[PDB]
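Peer 1:
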Amino acid sequence: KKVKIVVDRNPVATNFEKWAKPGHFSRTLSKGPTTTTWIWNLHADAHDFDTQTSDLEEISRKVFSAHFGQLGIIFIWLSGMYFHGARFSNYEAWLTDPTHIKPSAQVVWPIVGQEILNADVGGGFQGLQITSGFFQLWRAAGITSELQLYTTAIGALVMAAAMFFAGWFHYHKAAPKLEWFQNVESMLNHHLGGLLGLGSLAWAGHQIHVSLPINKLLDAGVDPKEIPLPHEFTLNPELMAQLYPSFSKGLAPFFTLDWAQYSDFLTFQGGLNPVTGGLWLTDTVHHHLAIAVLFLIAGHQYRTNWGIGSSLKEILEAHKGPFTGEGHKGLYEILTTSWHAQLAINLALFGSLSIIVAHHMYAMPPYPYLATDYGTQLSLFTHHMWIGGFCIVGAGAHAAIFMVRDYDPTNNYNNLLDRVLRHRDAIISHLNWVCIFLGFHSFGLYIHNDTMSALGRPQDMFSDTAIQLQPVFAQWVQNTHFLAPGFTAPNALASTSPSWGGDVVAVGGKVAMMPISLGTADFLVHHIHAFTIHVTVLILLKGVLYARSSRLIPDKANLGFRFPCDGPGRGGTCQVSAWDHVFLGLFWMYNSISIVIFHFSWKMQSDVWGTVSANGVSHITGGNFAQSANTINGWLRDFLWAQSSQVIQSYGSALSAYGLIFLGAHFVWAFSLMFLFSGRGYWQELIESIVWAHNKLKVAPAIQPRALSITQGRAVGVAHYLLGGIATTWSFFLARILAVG
Amino acid sequence: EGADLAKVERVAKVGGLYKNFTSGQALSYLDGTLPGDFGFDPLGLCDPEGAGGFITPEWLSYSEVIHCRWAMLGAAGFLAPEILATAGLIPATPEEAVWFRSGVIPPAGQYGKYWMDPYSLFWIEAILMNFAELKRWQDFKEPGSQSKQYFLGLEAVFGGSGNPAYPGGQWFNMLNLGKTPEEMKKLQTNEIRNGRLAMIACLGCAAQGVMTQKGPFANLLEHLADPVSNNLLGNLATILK
Amino acid sequence: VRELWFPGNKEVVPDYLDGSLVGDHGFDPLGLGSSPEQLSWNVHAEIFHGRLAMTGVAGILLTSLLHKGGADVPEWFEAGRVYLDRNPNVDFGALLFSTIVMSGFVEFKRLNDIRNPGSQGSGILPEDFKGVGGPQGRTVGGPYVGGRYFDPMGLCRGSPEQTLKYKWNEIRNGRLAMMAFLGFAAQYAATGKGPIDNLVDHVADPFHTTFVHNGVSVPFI
Amino acid sequence: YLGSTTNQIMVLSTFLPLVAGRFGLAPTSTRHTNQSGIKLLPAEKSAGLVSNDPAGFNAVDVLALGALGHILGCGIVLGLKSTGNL
Amino acid sequence: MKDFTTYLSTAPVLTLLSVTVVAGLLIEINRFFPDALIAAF
Ligand code: CLA
Ligand code: CLA
Ligand code: CLA
Ligand code: CLA
Ligand SMILES: CCCCCCCCCCCCCCCC(=O)OC[C@H](COP(=O)(O)OC[C@@H](O)CO)OC(=O)CCCCCCCCCCCCCCC
Ligand SMILES: CC1=C(/C=C/C(C)=C/C=C/C(C)=C/C=C/C=C(C)/C=C/C=C(C)/C=C/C2=C(C)C[C@H](O)CC2(C)C)C(C)(C)C[C@H](O)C1
Ligand SMILES: CC1=C[C@H](O)CC(C)(C)[C@H]1/C=C/C(C)=C/C=C/C(C)=C/C=C/C=C(C)/C=C/C=C(C)/C=C/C1=C(C)C[C@H](O)CC1(C)C
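Just so you know, the protein sequences line up as chains A, 3, 7, K and J, in that order.
Start counting the first sequence at 11; every next residue gets the next number (PDB author numbering).
Start counting the second sequence at 247; every next residue gets the next number (PDB author numbering).
Start counting the third sequence at 6; every next residue gets the next number (PDB author numbering).
Start counting the fourth sequence at 32; every next residue gets the next number (PDB author numbering).
Start counting the fifth sequence at 20; every next residue gets the next number (PDB author numbering).
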């Protein structure tokens, strides 16, 4: 009762004795490495704080300090980015001519002929061509100097030191008690209001006072070295008044509720700025102010030290209906006592958020001169897609882990978790039927197209030239969004994106965004997306549901979350755990996200990206997606054989590195197969012969070479498979988009 | 909860707009000791259970006293240059003897006639205040030290007392004022009330300086001139002009 | 007990830094000398650094005082190149090799003193190079090597109080000299003149000739 | 600006919930609504708040209801402003 | 200290340190004596 601050003083002593002795955290790991399996389990169980202590207080404290360490690492990373922008980048040269200078921020040394990697990017500069979109970000912030990047990098280094000090302090000097961590209402109140709310409000203040006059002058077109420094704009309303007249009235309209007078910088326009190809910074100012107010409102819902407010538990307990029995009874207790439950929820929502970010950033480019930077477009989209997919698979894994370790049937009686666990066969049966049906009517359609094309019967295959499959619903939604401004969005002057329809937004002779048409090929690829997503969710859901028990192995949860098998009995029980379900879900997520990024790349290179020639848009590939994507041979020939020409012919250029990784990744992927098709027994007996060879010469180790465990063999295999595949696609995309575009 | 009635009877006995802002949690640990204890604690920051780090009843009380002393110094030093210039006793135009145009913030103004440039004065300030504050801190941690090691004979006056906020040795209490512990408590409450008033005054002076770009005494005079038009609401149009 | 680098704060490093070493004020906030073997090594290193820095700083001071009477002496930061120019028949590699070979002989002597404290006062050397010991309770070897050759005038033979007083003088002047040489390097980097040049520039006009005004310390001014 | 219709309506929309909350017309820090959300329960003193008011309108009641009054009043003033009224 | 040096002798740190030293050495050799295809003595 009563949310308050509670800490233990000096719980842990800051020594170096435990660094001298590896494996101190785990009782089983202690007593020396008798075999190399000890070496592997030392790392595999380093962060598994559950198996190092049963006290939820200690688990929570370790999690808190680890989060501080992660924040420190992220601040080191940001400091590195800003420092490289300040020193080894052509940012100041790129500001003057953002349309023809290729962004760069990493130079290499002369050491072994690698100097060739220094591209002739522009601005009288030589270096690798970055694709992280940092230049557009900095310009949107309103930087326009290389001293400001140095100041930001040094400030980020100081803040990294602060993060590391905070982690050390809150583990070793003043560590929170468990009842501090369990104040979820107060943490939610502070993450809705204080974090997201005040953060959005502060960013709106920055944009209003820094990013808006500076970028206004740059967009009018001025050498940045003449523009007044941001504090000059901030401190006197005279300059802003000459740029934005409403600043001549000050804050009086704000406190008089005559807010319409701020309409010159608080606009509702939508669309893209014609000169930059990005959203209006006035629109984003208004957006951040609005959502900051909305989050400050959101952060007052829950009850703390005063009577007003709602209780999460009371709200949860009151949502019960006829179809659910007890409903959300016990959900509160299984969320404020298990970290893996929160990790599953947060990872799922975070990966979905990343994917949404990717979508909303290709369609509606938010930074100046970022749409025209095709490399930045493609790289940012693909990167956020992959990050989202990984986070989603992690959500599945940690849902399984909670279902194995932190789930007790005593408090989960006839509530929602119990109801779901009590009919899992129905869910899995129907989801498997959906996967079958979608797989057939998505891939068999492509195979029918292939067979009809190979037979010389194009009048039979599904295409715009023959049997049509037109996305009527998607097209209707596109039209509805187009017709919004002035109808259902009366105060919006233009559509939110030039992808619904309208005109072609082209910047600097390059198309920024033009309407995207959906046809039979788009229908087919969307159903391919649905099929892959459904099989992935089937794998992960089946793992979560049958984590505890199964009609095959009822005592599965007694074997733990991560175990190889249960013997060759019952016909064979290989990969029956939840961990192996995550292991297969990784492969299916890879397949899903890979098809998604292939679809994005081909559709954008074929129907959006290109150059305007004063008479029409000449796309990079010429529109072949609409007619060639209907067949598998079309993807193998018109997208994968054709567009690989820029990566295999990259030797002796600045993209030569992309030519190496493209090959090198092909190695890693293939190498992964070693670990995925083989089994531990072969390797153990091979290592036995090797150890005999060593014994014959008195060079055998005292630490036993042991072949990798079954679980570790599978983990190594999947890690290498994903690494090889993702690196191949990354290098191919980058070389293609940095040689054309 | 419903208060304790007898506990909050003492807060009603200090009078004023207090009792209106005190809570049952506060009265569990604010019983009248520590001067200036009127029970105002809406957030339970001085709660002794689960104390640690810098959120302790001792550190918080010590910091409040240190702040009130620094703020009384700062309020007197905010008012004195401007009133002395407006009175014409000192040679500086009243728009140049303003506290924030003294070189503390070079963008906001400067007084380039110091016997050294501001950065070197800050260097000597850093060294001297490092001595003073580090000695004060090590006396807070070890409540009796700083009087054992040599210091040109100064170590005689650095014994301190019980409460770190009131060392009152041979130097810190030269005049030996408040010879009665009751009179000592009364004077402590004088010091804390004046110090809190000065905290509010210093925050007000900074906010007015941003808000009106003039001096605190000039703001006071221009408010007394026309109260209706020269006020917070009237100045809302011209704020950094 | 004794005087500390921080009055109060008796949380000085555990009693491996008790009031036994010469120059001991409990200054080891980073624990670099905790183990006894490393502590002995560090004592040797500190005394050697103090002596070498005392020699170097005295040489720099005198050479910078001569360079102010107009004597044909370069400053300390350009003496190497100036000499190499004025003596063209000498080879840099030769001088660098000879310095490393002759320094190496005596430094191997000192090394095998540190390994075996009394082993170097025998054989070719007499017995005075055996060392008088000193720190850690050793009665032989150490950074303090008595005899009639490293202590010819006998200023620490006789009167233990006088020996302790002179040991304290040596250690405190050595620490001061090390700090002074760090100052020499920093001033040369920030200004580009000699040490005595900087001192007379400062005393001539104490203002406008601080570290703020050189444009490198406070980087923006 | 003082006394104008946007001032009358702002002060009205801020003051009215302050009256409603004291006399049991609106939910405050003591009197909450049941799960139906439409019937108001009797006052509980479990919040731990004391005041010199007879009824017990605490400072937090004033903060909450005045904040909601400003939300409603800003909405009403801007809605009337943005429709040709006001 | 003793424990810090014991930590610096651990396989994870000493291996990484030795690989860094050997890599730096090969990088230096190739920086001063580049493009050496045969053992020309
Ligand atoms: C206004 C209040 C506030 C704010 C701003 C934050 C902010 C944050 N919290 Mg926090 N929290 C709060 C209140 C607040 N919290 C309260 C009252 C509780 C008690 C229930 C918690 C309990 C809590 C836990 C258990 C955890 C966090 C975590 C985090 C971080 C989220 C991770 C991230 O990357 O986000 C975005 C990153 C940023 C926005 C960068 C900003 C970094 C600055 C330095 C934030 C420091 C402000 C600090 C909270 C205010 C007091 C500090 C002061 C005493 C020195 C984030 C910085 C997580 C974390 O990462 O651990 C550290 C986490 O595990 N919070
Ligand atoms: C906020 C995100 C998050 C967090 C905090 C955790 C936290 C945790 N996870 Mg987890 N997980 C996540 C996301 C997350 N996970 C995601 C996104 C996935 C999908 C891949 C998984 C899938 C997963 C599985 C399958 C398992 C865990 C497990 C665990 C627990 C032990 C982890 C450990 O110490 O292993 C040790 C750390 C390592 C072995 C480091 C190696 C990890 C890979 C190989 C690095 C990849 C290489 C890297 C990208 C660089 C490649 C370049 C190369 C050339 C150098 C731990 C509490 C384990 C568990 O038992 O839970 C209790 C478990 O088996 N997680
Ligand atoms: C980021 C997450 C986070 C969270 C959830 C906490 C949470 C907590 N911290 Mg902690 N801390 C953090 C980060 C965090 N800290 C960091 C990054 C540092 C290093 C600087 C510290 C250093 C620190 C110390 C030294 C102490 C704590 C203490 C505490 C506890 C007391 C809470 C309190 O009273 O704060 C109250 C906050 C204030 C009274 C004033 C806050 C003002 C600071 C400067 C933040 C303002 C910056 C703001 C976020 C950005 C605005 C910009 C501005 C220019 C407008 C509490 C459990 C205390 C403790 O020991 O627990 C009992 C304690 O002494 N923290
Ligand atoms: C009106 C503000 C005020 C008040 C009422 C007090 C009151 C008190 N202070 Mg405090 N003090 C203040 C401001 C104040 N102080 C400020 C701004 C500082 C920072 C410099 C200090 C620093 C300080 C320390 C370090 C200590 C005290 C102590 C004390 C207590 C000792 C009794 C005493 O001498 O009373 C003070 C009487 C008055 C303040 C009335 C005089 C008012 C005039 C204007 C004073 C002007 C000073 C004078 C002109 C300078 C020359 C006089 C002298 C050199 C001959 C007492 C309760 C000591 C203590 O607690 O003993 C255990 C203690 O150690 N004070
Ligand atoms: C920055 C954002 C906001 C910060 C809020 C959080 C800060 C918390 C501060 C709370 C104070 C602590 C307890 C106070 C409790 C308290 O007040 O103590 C009572 C106070 C002093 O009491 P004493 O210490 O003298 O007690 C002894 C006597 O009271 C005996 O009865 O007496 C007063 O009434 C003075 C206050 C008058 C206030 C004058 C201000 C006039 C402004 C009016 C504005 C209205 C119009 C505005 C139009 C725009
Ligand atoms: C480990 C450690 C150290 C060192 C310990 C070592 C490494 C002892 C053994 C050292 C040895 C064998 C050093 C050998 C050095 C050879 C040198 C320095 C040759 C130098 C000649 C050069 C660089 C070139 C001269 C040209 C000149 C300029 C003119 C032309 O004609 C051309 C050319 C020949 C190229 C020191 C620092 C001394 C102290 C100790 O405390 C720590
Ligand atoms: C009680 C409580 C409890 C509950 O529970 C919670 C809460 C609510 C949180 C609370 C409250 C709080 C508050 C009110 C706070 C505030 C404070 C302040 C304002 C301070 C200041 C404070 C203030 C201060 C220090 C000030 C100081 C000042 C100074 C130094 C100044 C200086 C100067 C001068 C002379 C002049 C020149 O030319 C400049 C300079 C050099 C600059």
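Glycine included, each C-beta is placed from N, C-alpha and C at the ideal position.
Does the segment 341–351 of chain A come close enough to the segment 404–421 of chain A that 3 or more CB-CB pairs lie under 8 Å?
Peer 2: yes
Peer 1: Flag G404 (chain A) as yes when its Cβ comes closer than 6 Å to any non-hydrogen atom of ligand 2, and as no otherwise.
Peer 2: yes
Peer 1: Between the C-alpha atoms of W383 (chain 3) and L433 (chain 3), what's the straight-line distance to the nearest angstrom?
Peer 2: 24 Å
Peer 1: Could you tell me the alpha carbon to alpha carbon distance between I402 (chain A) and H296 (chain A), rounded to whole angstroms?
Peer 2: Their Cα atoms are separated by approximately 32 Å.
Peer 1: Ligand 5 heavy atoms versus the CB of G261 (chain 3): any closer than 6 Å?
Peer 2: yes
Peer 1: Just to make sure I have the definition right: I need the residues of chain K whose C-beta is within less than 9 Å of the C-beta of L267 (chain A). Which are they?
Peer 2: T37, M41, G104, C105, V108, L109 and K112
Peer 1: Quick one: does the C-beta of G582 (chain A) sit closer than 6 Å to a heavy atom of ligand 1?
Peer 2: no
Peer 1: In the structure shown, what three-state DSSP assignment does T24 (chain J) receive?
Peer 2: It is helical.
Peer 1: Indicate the three-state DSSP secondary structure (helix, strand or coil) for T45 (chain A) in the structure shown.
Peer 2: When secondary structure is reduced to three states using DSSP, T45 (chain A) falls in the strand class.
Peer 1: Could you round the C-beta distance between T641 (chain A) and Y456 (chain A) to whole angstroms and report it? I think they count as a contact, below 8 Å.
Peer 2: 7 Å
Peer 1: Determine the closest residue to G38 (chain 7) out of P19 (chain 7), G128 (chain 7) and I129 (chain 7), with distance taken between C-alpha atoms.
Peer 2: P19 (chain 7)
Peer 1: For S505 (chain A), count the other beta carbons within 10 Å of its own beta carbon; 16 or more makes it buried, fewer makes it exposed. Which is it?
Peer 2: buried
Peer 1: Using the beta-carbon count (16 or more within 10 Å), is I549 (chain A) buried or exposed?
Peer 2: Label assigned to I549 (chain A): buried.
Peer 1: Quickly, what does DSSP pair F472 (chain A) with across the bridge? List them, please.
Peer 2: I477 (chain A)
Peer 1: For ligand 4, is there a heavy atom less than 6 Å away from the beta-carbon of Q392 (chain 3)?
Peer 2: no
Peer 1: Against chain A, with Cβ distances strictly below 7 Å, would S82 (chain K) count as a contact?
Peer 2: no
Peer 1: Sorry if obvious, but does the Cβ on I658 (chain A) come closer than 6 Å to a heavy atom of ligand 6?
Peer 2: no
Peer 1: Rounded C-beta distance between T294 (chain A) and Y379 (chain A)? I'm assuming under 8 Å.
Peer 2: Not quite, the Cβ-Cβ distance comes to about 15 Å (not below 8 Å), so this is no contact.
Peer 1: State yes or no: is the beta carbon of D287 (chain 3) nearer than 7 Å to at least one beta carbon in chain A?
Peer 2: no
Peer 1: Kindly indicate which three-state DSSP category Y312 (chain A) falls into: helix, strand or coil?
Peer 2: strand
Peer 1: So is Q158 (chain A) buried or exposed if we call it buried at 16+ other beta carbons inside 10 Å?
Peer 2: buried
Peer 1: Please classify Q39 (chain K) as buried or exposed, where buried requires at least 16 other C-beta atoms within 10 Å of its C-beta.
Peer 2: exposed
Peer 1: Just the C-alpha distance for residue 490 (chain 3) and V81 (chain K), rounded to the nearest angstrom, thanks.
Peer 2: Nothing about residue 490 (chain 3) can be reported from this structure: the residues present for chain 3 run from 247 to 487 only.
Peer 1: Spell out whether any CB of chain 3 is found under 7 Å from the CB atom of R432 (chain A).
Peer 2: no
Peer 1: Would you identify the three-state DSSP class for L251 (chain 3), choosing helix, strand or coil?
Peer 2: coil
Peer 1: Is it the case that the CB of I15 (chain A) approaches a heavy atom of ligand 3 more closely than 6 Å?
Peer 2: The nearest non-hydrogen atom of ligand 3 is less than 6 Å from the C-beta of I15 (chain A).
Peer 1: Need the endpoints of the beta strand (DSSP E) that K339 (chain A) sits in, please.
Peer 2: Careful: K339 (chain A) lies outside any beta strand (DSSP E) and carries neither H nor E.
Peer 1: In the DSSP assignment, what are the bridge partners of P495 (chain A)?
Peer 2: Paired residue(s): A499 (chain A).
Peer 1: With a cut-off of 8 Å on the beta carbons, I'd call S604 (chain A) and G406 (chain A) a contact; round off their distance for me.
Peer 2: In fact, because the Cβ distance is near 18 Å, the residues do not count as touching under 8 Å.
Peer 1: Give a yes or no on whether the minimum CB-CB distance between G248 (chain 3) and chain K is below 7 Å.
Peer 2: yes
Peer 1: What residues in the segment 286–320 of chain A have a beta carbon less than 7 Å from any beta carbon of chain K?
Peer 2: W316, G317 and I318
Peer 1: Check whether the segment 66–78 of chain A touches the segment 138–157 of chain A, counting contact only when three or more Cβ pairs, one atom from each stretch, lie closer than 8 Å.
Peer 2: no
Peer 1: Would you mind sorting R724 (chain A) into buried or exposed? The rule is 16 or more other CB atoms within 10 Å of its CB.
Peer 2: buried
Peer 1: Assign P281 (chain 3) to one of two classes, buried (16 or more other C-beta atoms within 10 Å of its C-beta) or exposed (fewer than that).
Peer 2: buried
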